[PDB]
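Values below: all heavy atoms of this structure, side chains included; hydrogens, waters and symmetry mates excluded. Order of the sequence lines sets the chain letters (A, B, ...), proteins ahead of strands, with each chain counted from 1.
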There are 2 protein chains.
Amino acid sequence: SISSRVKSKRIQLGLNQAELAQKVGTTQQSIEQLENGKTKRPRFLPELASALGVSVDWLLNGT
Amino acid sequence: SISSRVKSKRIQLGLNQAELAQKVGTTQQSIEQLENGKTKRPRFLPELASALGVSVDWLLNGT
DNA sequence: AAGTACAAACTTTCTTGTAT
DNA sequence: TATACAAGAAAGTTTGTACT
């Protein structure tokens with residue numbers, strides 16, 4: 001899902017949610033809600049795909 | 001400018017607002033908020049760049 | 001301590017209807 | 001016909017707190 005892919009992703013890189021956000025330049029909260037399934041399309045969607053270093057499509061559809 | 005660029009392709013590509021909208025899966029009225037600086041980060045940024053057949057970075061950074 | 005969640009108030013982006 | 005405006009709501013963001 002986008003929420004899941006992200007959580008696993010954010011982990012192969014070790015970043016906890018607090019530093020992940022640090023990197024997209026956004027709250028710890030916002031990173032949370034996303035993982036948690038309480039947001040489908042975080043306005044910061046291209047900022048976090050840089051970070052995970054995967055491409056938005058992949059993040060979005062899991063390809 | 002996000003909306004510059006956007007506008008300019010549609011004219012290029014030969015469609016009007018609606019078309020493309022119906023194409024992007026959105027609305028004539030949405031293609032306006034964006035196009036007319038009324039929107040920055042659309043929930044269709046992505047679905048639009050494929051439609052718009054250019055890069056999502058390109059829409060924002062135009063880079 | 002450290003890190004992940006929660007929930008309310010506010011903000012942007014969407015949606016529908018009509019005006020130009 | 002084709003682009004624009006405008007009011008209500010929804011989807012996201014915030015920020016302060018709370019859990020564990």
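Shown here is A:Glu19, whose CD atom has more than 12 heavy atoms of other residues, nucleotides or ligands within 6.0 Å.
At a non-hydrogen distance threshold of 4.0 Å, A:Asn16, A:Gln17, A:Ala18 from residues 13-24 of chain A come into contact with DNA chain C. For DNA chain C, none of the residues of residues 55-63 of chain B falls under the heavy-atom distance limit of 4.0 Å.
The distance from atom CG of B:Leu15 to atom NZ of B:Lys23, rounded to the nearest 0.5 Å, is 9.0 Å. Atoms CG and CD1, on A:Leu59 and A:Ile2 in that order, are 5.5 Å from each other to the nearest 0.5 Å.
Listed by chain and residue number, A:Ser3, A:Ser4 satisfy the side chain to side chain contact (heavy atoms under 4.5 Å, CB included) test with A:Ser1 (two or more places apart in sequence, or in another chain). With sequence neighbours left out, the side chain to side chain donor-acceptor pair (under 3.5 Å) criterion links A:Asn16 to no other residue. Looking at residues two or more places apart in sequence or on another chain, you find a side chain to side chain contact (heavy atoms under 4.5 Å, CB included) between B:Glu35 and B:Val6, B:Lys7, B:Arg10, B:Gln17, B:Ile31. Residues meeting the side chain to side chain donor-acceptor pair (under 3.5 Å) test with A:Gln29, sequence neighbours left out: A:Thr27. With sequence neighbours excluded, no residue forms a side chain to side chain donor-acceptor pair (under 3.5 Å) with A:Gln33.
Consecutive Watson-Crick or G-U pairing (both distances under 3.5 Å) extending over three or more pairs maps onto DNA chain C as C:2-20 with D:2-20.
Screening residues 51-63 of chain B for side-chain hydrogen bond (donor to acceptor under 3.5 Å, both in side chains), with sequence neighbours left out, gives no hits.
The nucleotide range of DNA chain D contacted by chain A, defined by atoms under 4.0 angstrom from heavy atoms of the protein and reported 5' to 3', is D:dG12 to D:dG16.
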Please enumerate all protein N or O atoms sitting under 3.5 Å from an N or O of nucleotides 6-12 of chain C, with distances to 0.1 Å.
from, atom 1, to, atom 2, distance (Å)
C:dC6, OP2, A:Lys38, NZ, 3.3

Pairs of donor and acceptor atoms involving the side chains of residues 40-54 of chain B, under 3.5 Å and at least two apart or interchain, shall be tabulated with distances.
from, atom 1, to, atom 2, distance (Å)
B:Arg41, NE, A:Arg43, O, 3.1
B:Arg41, NH1, A:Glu47, OE2, 3.0
B:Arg41, NH2, A:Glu47, OE1, 2.4
B:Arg41, NH2, A:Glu47, OE2, 3.0
B:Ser50, OG, B:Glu47, O, 2.7

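Taking atom CG of residue B:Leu34 and atom P of nucleotide C:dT15, one finds them 14 Å apart after rounding to whole Å.
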